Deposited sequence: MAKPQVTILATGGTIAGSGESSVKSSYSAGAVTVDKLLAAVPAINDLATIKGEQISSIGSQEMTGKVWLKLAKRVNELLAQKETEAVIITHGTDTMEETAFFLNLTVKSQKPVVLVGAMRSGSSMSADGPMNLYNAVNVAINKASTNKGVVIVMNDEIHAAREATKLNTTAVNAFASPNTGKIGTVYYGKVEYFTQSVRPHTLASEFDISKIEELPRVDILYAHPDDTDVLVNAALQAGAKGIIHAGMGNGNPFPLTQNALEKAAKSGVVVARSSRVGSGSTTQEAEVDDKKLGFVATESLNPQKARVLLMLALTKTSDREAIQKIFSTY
């Protein structure tokens, strides 16, 4: 049997021999068929809802994943996670885990005690994906609702639906249906081993704020973010990354002062492009291209561990 570690970041996503953590033992009690597929070890990394996630928990999680996958006996890692910010954690890991071994994030849109709880099947499927030979070198994945999503592309796109996860710019890379795993595509953007980021010696991540653009917008939130020590700002702009004039002036000021301003969009999908209506080279801004504000924040945070140069950060957004 392959050996897999499940890292829990909160409560049980399913249900209502010790693997080595009470949450994971409850999961194995709820979904006993998992034991036929793999030898499961368990650890409790944090005990929070995903809306309480912090960079400190991310760094801890990434370092631990790296240390687990460096072990000869460990075939893969599964992380149970709240759905609200699973995309951010998955993306962070996708650029910080230095292995080709599978890393799978999984959660549940419905409570484990609910009628028609999604967790049991999601978890079962996640274990099957983790142990599948074809999952090697796919990068970090999210497995939800019979679907396998690349971490670069995945987002929570609905407040409540069991099918809330989507990859709006590319679609799912594969399927998993009652444990049967099939890949149809893979990301051609560099991840994991190919990533230039290394967080092994990092204790705190740089501060990056996100601003929400709208008509009759303001400068006061840019200024508050500067005042609070923001190293970067993601601007979730109107349409193709467009700011209101008053806000643009403030962002220009921010940029001149050494804070990295990266243009994303509030709309939900598509690329926030270079050489559209905003003169990024003149104003000192970066275009985040085909990401979303929350995932752009993650990438900018990592970029800021290496550099605050406009051109080098643009190149990072145009690569990853």
> Counting from 1 along the deposited sequence, which stretches lack C-alpha positions?
Replying inline: 1-2, 19-26
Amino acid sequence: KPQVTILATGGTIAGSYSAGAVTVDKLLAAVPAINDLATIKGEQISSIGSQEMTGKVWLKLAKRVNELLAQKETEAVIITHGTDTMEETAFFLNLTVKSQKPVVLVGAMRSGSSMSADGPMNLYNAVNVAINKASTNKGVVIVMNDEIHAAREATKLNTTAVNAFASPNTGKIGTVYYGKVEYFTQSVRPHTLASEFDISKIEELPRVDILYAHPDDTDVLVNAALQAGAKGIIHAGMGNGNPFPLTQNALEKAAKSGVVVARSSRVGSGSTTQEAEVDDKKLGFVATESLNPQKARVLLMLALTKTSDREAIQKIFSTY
From here on, numbers count along this sequence of modelled residues.
>> Tell me which stretch, 72-80 or 175-183, has the higher mean Cα B-factor listed in the entry.
In response: 72-80
>> Going by the mean C-alpha B-factor recorded in the entry, which is higher: 218-226 or 184-192?
In response: 218-226
>> Looking at the C-alpha B-factor values in the deposited entry, which of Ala254, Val267, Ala287, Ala276 comes out highest?
In response: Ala254
> Taking the entry's C-alpha B-factors for this chain, is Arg263 in the lowest, middle or highest third?
Replying inline: lowest
> Comparing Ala126 with the other modelled residues of its chain, is its CA B-factor in the lowest, middle or highest third?
Replying inline: middle
> Taking the entry's C-alpha B-factors for this chain, is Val208 in the lowest, middle or highest third?
Replying inline: lowest
> Lowest, middle or highest third of the chain for the C-alpha temperature factor of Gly20?
Replying inline: highest
> Among the modelled residues of its chain, does the C-alpha B-factor of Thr96 lie in the lowest, middle or highest third?
Replying inline: middle
